[PDB]
Structure formats: C-alpha cells, structure tokens
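Reminder, nothing fancy here: chain letters follow the sequence lines and each chain counts from 1. Only this structure's heavy atoms are used, side chains among them; waters, hydrogens and symmetry mates stay out.
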Amino acid sequence: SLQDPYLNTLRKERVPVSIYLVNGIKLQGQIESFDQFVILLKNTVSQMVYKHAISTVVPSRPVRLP
Amino acid sequence: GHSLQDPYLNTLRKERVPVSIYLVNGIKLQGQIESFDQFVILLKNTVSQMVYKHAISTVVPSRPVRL
Amino acid sequence: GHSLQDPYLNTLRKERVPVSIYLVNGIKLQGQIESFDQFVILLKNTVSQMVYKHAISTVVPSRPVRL
Amino acid sequence: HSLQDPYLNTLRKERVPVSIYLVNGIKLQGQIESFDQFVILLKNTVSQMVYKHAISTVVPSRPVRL
Amino acid sequence: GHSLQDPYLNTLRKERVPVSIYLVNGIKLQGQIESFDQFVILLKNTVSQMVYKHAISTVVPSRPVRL
Amino acid sequence: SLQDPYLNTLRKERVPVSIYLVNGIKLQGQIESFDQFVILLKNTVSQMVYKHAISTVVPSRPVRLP
C-alpha cells in the first residue's frame, strides 16, 4: 500500500527527490513513473531503477503523507 | 508470521520513540516511525523518508520498549 | 505489476538502443538488450551474456526514448 | 523451518549468548529474546530488532543440543 | 517467465560450453554447467560446486551460442 | 530439487565443505543438517548459516550428483 500514494504524490507534484541505492550511491531527479518493481527517474535522460536496489527515497521538501 | 515485527514497530510508532535504523550498507538513519507496511517504513523528521525494509539491517530504539 | 518495466525494456529491445546496465557492485555493462524474461536480461555485444535482474541497479539508455 | 525454529527456540530458552554476523561484516552480540518469520529480537544493553535478510550466520557461544 | 533463462542455461549445459560466472561480490568462477534448478547451478571442474543463483550477477559463455 | 539431494549427500557422507558467503568470507566444516532456509555447519561450535547469504558450496572431494 503506502509506497503507491507516496510515490504518486512525488510524481504528480514533480518533487525533486534523492534516491539512495543499497550500495550507497545517490541518484537525483524526479519520479516520472513507477510500477511494482521499478522506478523511472528523470533528469538528463530517464533511467530505470529497480526497487530491489533502492534503500531510501528522500524528497527535497515536505510533502503530503499517506 | 509478522507476530513480532508488527507489534514492535507499532509500539515504536504509537509511543513516538526515536529510533536508529541501520541500513545494510552501514549508513545510519534517525527519526520517528510515522507508519509502515509490508515493504517500507516512513521515517519522520522535517522531511519524511521512505525506507525499504529489504535494505534495513537493524532497528535500535533510543529507549526501552515492551510488547 | 510490470506495466512500466516490460514496455520500457521492449522499446529498448525493438529500437536496438545502446544501453548501460549498472550492477549493484558498481560494474557498468554496455550493449543492447536482445531479450529478457521475468528474471534475466540477455545483453548483446562481443558475445551475448545473461544478466540476472536481482544484480542490476539501474538501466540507462544512451539516448532518450519514448514510451 | 524444521531446523531454523527449534534451533532459535533452544538458544532462546536456554539463554545462550550468541554472535550474529551481518552480511556487511558487522557482528552483533546478545541474547535471543524473541523471533518471528522475518526478524529476531536481540537483547542486551538495549534490545534491537534484526531483520533475518541481513544476517549471514548465527554463532552460539556454546553448542546446543537439538 | 523462465522462458529465456531455462533454454539459455540448457543450451550451455547440453553443448558443454565453458562459461564464466561473475558473482555479485566480484569473484569470477569458471567451468561447465552440469545441471541447474530454480535456485542453484551445478558448476563442474575439479570438483562440482553448487552456486546459488541469487549470488550471481552475469553468465558469460566462452564462445557464442544458438538460442 | 537439486539442492536437497546434493546437500544430503554431503551430509550423510560427512564430506568437508567450504562455504563462500556473498561478502567473500569463507567458512569450513561439515554439514550437520539443513532445511529450506538454513544450513547447520558443524565443527568447533556449530553455526547456522542462512542460504540467502551463501554464494557457493564447494566440496573437498568429488561426490555423486543428483
């Protein structure tokens, strides 16, 4: 449950986010779309990020919560 | 099943106990548990963050808890 | 729940778009996506290698693509 | 769980001191207070909830009779 | 589903093509595939070793193959 | 299906094995027992190794295969 409304709010409002991968790498951009397994992260070009490789999704400003 | 995980996280959420969450990569997160589901935890401070359970090694409350 | 993953990989495949695949350990693989299923991706170049999805962190096209 | 459960339960019942090695090399020490399918509650200086997916090996300080 | 993984590993096993298997920790194994199931691959050489799929990042054949 | 008879052979024949973990650590010993999720690796003190943390199991000698 929770993931969906939270990611959807980030998508809809085009909130800049930081995504930390399980290996410590930080990606930055905005959530273009997502499904059950992946997130499409936009910047220069989009990239498909697998959820299994993500540790934390951190928005740049406070957002409405589920 | 989740017979220990849920009441433990729920108690920490209800009582607003500050926690430390250690990730598998050694990074330490701090805050209060806002809510959780079977896959993620929403950790609160000025901005919340969504933490995937699969990346968590351990949850350490700042003070004692009891089921 | 592959409503995004499938069409996206399928588009990279059909258009033979050069991609970079980054593994969890930091290795960058380069090539084009020849095929894929629920668990693996067959990546072409000198030889075709089979990459397990569970090892992949990000897939990055060398040029923007349209869904 | 034909091996995992009675092994963890015996450690718990007999209060055996254990070392838990995490996949990232970190060693936790303590007493097994409780566990379910996914986590172990590790007691001492303060309790902590350890996710099994992060554990590589459980090493008791003395052998246990199953 | 397994509609790419199984035929690919089976082709490798049947043709006895030597492969390199890279693990997520960066170690490289080499051998021929003797058999496999949903979870493990039996990798042959001096002795046969059992490799869990979850620890594998890529399988690289020594020469290219027909699917 | 392949895992079980293979593990069973190593056990009942008491073949010494090296077990490599996903972090590169090597464990040595004999397989006392196992279930769907863990392997009990016997020696000095037994230790319960989680399957999710194992990369490869290597017998010290060739064994009959399934």
(request) Could you list which of residues 34-50 of chain B have a heavy atom closer than 4.5 Å to any heavy atom of chain A, in residue-number order? (result) B:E34, B:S35, B:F36, B:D37, B:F39, B:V40, B:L42, B:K44, B:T46, B:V47, B:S48, B:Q49, B:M50
(message) With a 4.5 Å cut-off on side-chain heavy atoms, are A:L27 and A:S18 touching?
(response) no
(message) Taking side chain as everything from C-beta outward and backbone as N, CA, C, O, which of these in B:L23 sits under 4.5 Å from a heavy atom of chain A? Side chain, backbone, both or neither.
(response) side chain
(message) Keeping B:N25 on the side-chain end and A:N23 on the backbone end, is there a donor-acceptor pair under 3.5 Å?
(response) no
(request) Side-chain contact test, heavy atoms from C-beta onward, threshold under 4.5 Å: evaluate it for A:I19 versus A:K26 and give yes or no. (result) no
(request) Verify, without hydrogens or angle tests, whether A:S55 (side chain) and A:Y20 (backbone) share a donor-acceptor contact under 3.5 angstrom. (result) yes
(request) Flag the pair A:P16 / A:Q30 as yes when at least one side-chain heavy-atom distance between them is below 4.5 Å, and no otherwise. (result) no
(message) Closer than 3.5 angstrom, by distance alone: can the side chain of B:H54 be matched with the main-chain N or O of A:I54 as a donor-acceptor pair?
(response) yes
